[PDB]
Ligand code: HEM
Ligand code: HEM
Ligand SMILES: Cc1cc(N)nc(CCc2cccc(CCc3cc(C)nc(N)c3)n2)c1
Ligand SMILES: Cc1cc(N)nc(CCc2cccc(CCc3cc(C)nc(N)c3)n2)c1
Ligand SMILES: C[C@H](O)[C@H](O)[C@H]1CNc2nc(N)[nH]c(=O)c2N1
Ligand SMILES: C[C@H](O)[C@H](O)[C@H]1CNc2nc(N)[nH]c(=O)c2N1
Ligand SMILES: [Zn+2]
Ligand SMILES: [Zn+2]
């Protein structure tokens, strides 16, 4: 029938067709012979120009002024800037529309119903590492908002031909130290071993606990990274307790409130923003399931299971399933007590379904990656598990970029 | 050309070379991934090469590639197809192909078992009656008093100049679904269509929540025929919880034997439209989907209420707590009953070993991440952290349209 992908919700028996995917200009890793859908990492003037033109059209289209003479003048202006410099600049409003669109387009983000509510800080005037720190602090302050979390993004100056990038070396703005121990093991977050060591190499005196908030290594073009300690009263944290299990608080576990991804590259109409930290609010499973329970992270399942006096000798006692659920409950209860925005995976996925319906009307489709959308506990208990999804790459986009060291 | 395949828990890396043996196209293009689609919307010369390829695979397996016997058999197949437009499999080749199609099923977390499969040759069959006898012997052997054994029974291939042998039921054991006055369903709502078919063709029905359906079996170009399974043939496991006494008051049971009967078996271009197969259950299938899905037995909320859980808000995780307990009732019960079952932790661990065995034997293993990762506690198992390449290899199992 309709010459477009047919997508079905198996739980409601409803069907849709994706026409959005025709607007895709960049290929992913699948072919007709094999799907590489599960791999984490995918893989001059002419090229830039056509990306810019395309972006400008999305912009003018979004303000229902497509085919306008303001529209036309703008296209000319951009293509003049490039023929003489090899690049162009985005006006304020265009940058705001581009960063919202790059979020909206992110296939692995379950939080997109919020896409329209993003507070965009233009730091394209920033010119030093000390100044990057001020912008980042102001970002944390506004985003945190004493627990009532607000989505934000700070956009530092774009990449320029033959000139080093603005970079944030840290993968998030708040990260716990991971200290590799004499005896082979790790204290704190095993995921941050590399970055912790970088900080020490750069003259940070490390602490010694499981939840030591790392300083920031920030880099201005062609200069060495400089080191900044976030003032702890800016870094809001939540000590973890359980609603009925009294001993849980005695575990001494905590998590920070603000999820601020700082390593991704932001692409708008062919322009490339190497430094553009963004934050929203956590889904409980990210903390309660991945950060605390992954075997290669804090790995606490067994310690919790032993406090719950479960039989850890056999898989079939479902000790891992029971301990995980209770860890996730703790996380939710602890944020709600502390009055810090957080969302549970049932609510999140429910809102994602509603987002899917909005986007069908608005654009004809929604690029979505099933394996990242579906939560890491209770998958089939969430409506997104039963929903077929089409994955494809739209621009503007967040991308992974190489570590700058 | 040979994709890199990383495990993110342990950082180990492998390369998949087997993918190049794929001859069938999936749903994906460079433009868009369509790997999450459940089903696809996706002349005698297409056959000859498919048969040649298969006869090669088989001789390769018995280390006689290039023998007199292999070249001899090759020509014989080429002859039979040039004379008749079809051909026949030697039994030991059928045995090999049926295992190979299990081996190649990308969606199956149970493939470490692939080598142990009892194949019944049921190609001497000319009636539904004979179909039924074979099915009863299958079930008996497979169930083996609770100590389950994987098996497949293969019925005669499709022929161009006639209708197929078919088993109408999608599984050999199914719980009836009755349409009630108020529009509600007594029993299992997934089997309403087939319940009504059984009735329409003569069956006098029951009115419990777990009535075992009769079989509708079909020989070529003939009305289907009704066959009641003798109760003692169908091993059932009553459901109870180890610590929660009221669970048993729910009156739940599940059957011991998962026996899929609606799939088409493809071997060297030959098609066996009736070839039912059974293994044993992973506990999540019963404890999560069959009991917890709202379109099925939909017991989640009942169970949570009895757990005394706050059912008003998502954030209490009542759904998550109840499912775990239900899944646990399933394991406990099968273990109490002494019936073979595997939990999702043990199953996904055996699968990780499968991948390693297949890497060494064949240079990879096609796998469907979304189906291999279980439907609860996904990241808790090791397959979650494992990258996977998906592609269609032959021999294969595939879907076919319902015969009505
Ligand atoms: C406000 C609440 C938000 C929630 C609840 C949320 C949730 C999530 C989750 C759970 C993931 C996958 C996480 C993982 O497993 O690593 C994700 C991915 C992602 N999020 Fe959102 N997010 C939110 C806000 C934002 C914002 C403001 C942005 C950017 C403006 C954003 C951009 C992205 C991107 C680009 C990815 C994909 C990462 C990748 O490609 O690997 N998110 N989100
Ligand atoms: C012996 C223990 C076995 C276990 C634990 C097992 C487990 C599973 C599971 C959990 C699925 C997912 C399907 C679903 O969630 O609905 C599956 C799919 C599948 N199984 Fe296995 N299985 C076993 C034996 C077998 C046998 C004996 C065969 C045939 C010889 C087989 C063939 C398949 C095929 C072809 C699929 C894919 C179904 C599809 O395309 O949707 N399995 N299996
Ligand atoms: C805003 C926001 C909201 C929220 N609730 N959670 C997060 C953290 C999860 C996340 C969201 C987006 C991007 C990344 C990390 C990007 C990344 C980069 C590389 C190089 N490898 C990866 N595996 C991941 N992580 C961010
Ligand atoms: C052997 C076996 C072992 C085991 N542990 N679980 C099962 C049940 C799950 C399963 C395994 C293989 C094939 C199918 C049938 C899938 C299907 C397809 C279509 C198109 N409609 C359906 N109703 C069902 N189901 C079977
Ligand atoms: C191998 C697999 O693709 C990889 O581990 C993915 C699976 N799904 C995920 N989903 C989310 N949200 N986050 C993740 O880190 C992952 N990991
Ligand atoms: C739409 C979605 O892909 C679909 O419901 C799949 C997802 N993964 C699954 N995985 C298993 N094991 N069984 C299933 O039925 C499904 N359903
Ligand atoms: Zn794909
Ligand atoms: Zn359903």
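Along the chain as shown, the residues are counted starting at 1.
Every residue gets a Cβ built from N, Cα and C, even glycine.
The Zn(2+) binding site annotation in Swiss-Prot covers B:28, B:33. Look at Swiss-Prot and you will find B:36, B:370, B:371, B:384 tagged as (6R)-L-erythro-5,6,7,8-tetrahydrobiopterin binding site, backed by similarity to another entry. Per Swiss-Prot, heme b binding site is recorded for B:108, B:399, and the stated evidence type is similarity to another entry. The L-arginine binding site annotation in Swiss-Prot covers B:171, B:280, B:281, B:285, B:290 and rests on similarity to another entry.
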Here the Cα-Cα span from residue B:108 (heme b binding site) to residue B:285 (L-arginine binding site), rounded to a whole number of angstrom, reaches 12
How long, in Å, is the gap between the C-alpha atoms of residue B:42 and residue B:43 where 10 residues are left unmodelled?
19
If you measure between the CA atoms of residue B:285 (L-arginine binding site) and residue B:399 (heme b binding site) and round to the nearest Å, you get 20
Quick one: Cα separation, residue B:28 (Zn(2+) binding site) versus residue B:36 ((6R)-L-erythro-5,6,7,8-tetrahydrobiopterin binding site), in Å?
10
Starting from the Cβ centroid of B:171, B:280, B:281, B:285, B:290, the recorded L-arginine site, name every other residue in that chain with its Cβ within 8 Å, sequence order please.
B:254, B:255, B:258, B:282, B:286
Including all protein chains shown, what's the count of other C-beta atoms within 10 A of the C-beta of residue B:370 ((6R)-L-erythro-5,6,7,8-tetrahydrobiopterin binding site)?
22
Distance in Å spanning the most remote Cα pair of B:36, B:370, B:371, B:384, given for (6R)-L-erythro-5,6,7,8-tetrahydrobiopterin
16
What is the biggest Cα to Cα gap, in Å, among B:171, B:280, B:281, B:285, B:290, the residues listed as binding L-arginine?
15
Should residue B:384 ((6R)-L-erythro-5,6,7,8-tetrahydrobiopterin binding site) be counted as helix, strand, or coil on the basis of DSSP?
helix
Measure from each Cβ of the binding-site residues B:28, B:33, B:399 to the atoms of ligand 7 and list the residues where some distance is under 6 Å.
B:28, B:33
Rounded Cα separation (Å) that holds between residue B:370 ((6R)-L-erythro-5,6,7,8-tetrahydrobiopterin binding site) and residue B:281 (L-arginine binding site)
18
For the C-alpha pair, I'd like the distance in angstrom between residue B:33 (Zn(2+) binding site) and residue B:399 (heme b binding site), rounded off.
21
Using a Cβ cut-off under 8 Å and a sequence separation of 6 or more, which residues in the same chain sit near residue B:384 ((6R)-L-erythro-5,6,7,8-tetrahydrobiopterin binding site)?
B:373, B:378
Is it possible to get the count of other C-beta atoms within 10 angstroms of the C-beta of residue B:33 (Zn(2+) binding site)?
27
Measure from each Cβ of the binding-site residues B:108, B:171, B:280, B:384, B:399 to the atoms of ligand 2 and list the residues where some distance is under 6 Å.
B:108, B:280
Spatial neighbour of residue B:399 (heme b binding site) that is closest, considering only the binding-site residues B:36, B:171, B:280, B:281, B:290 and their CA atoms:
B:171
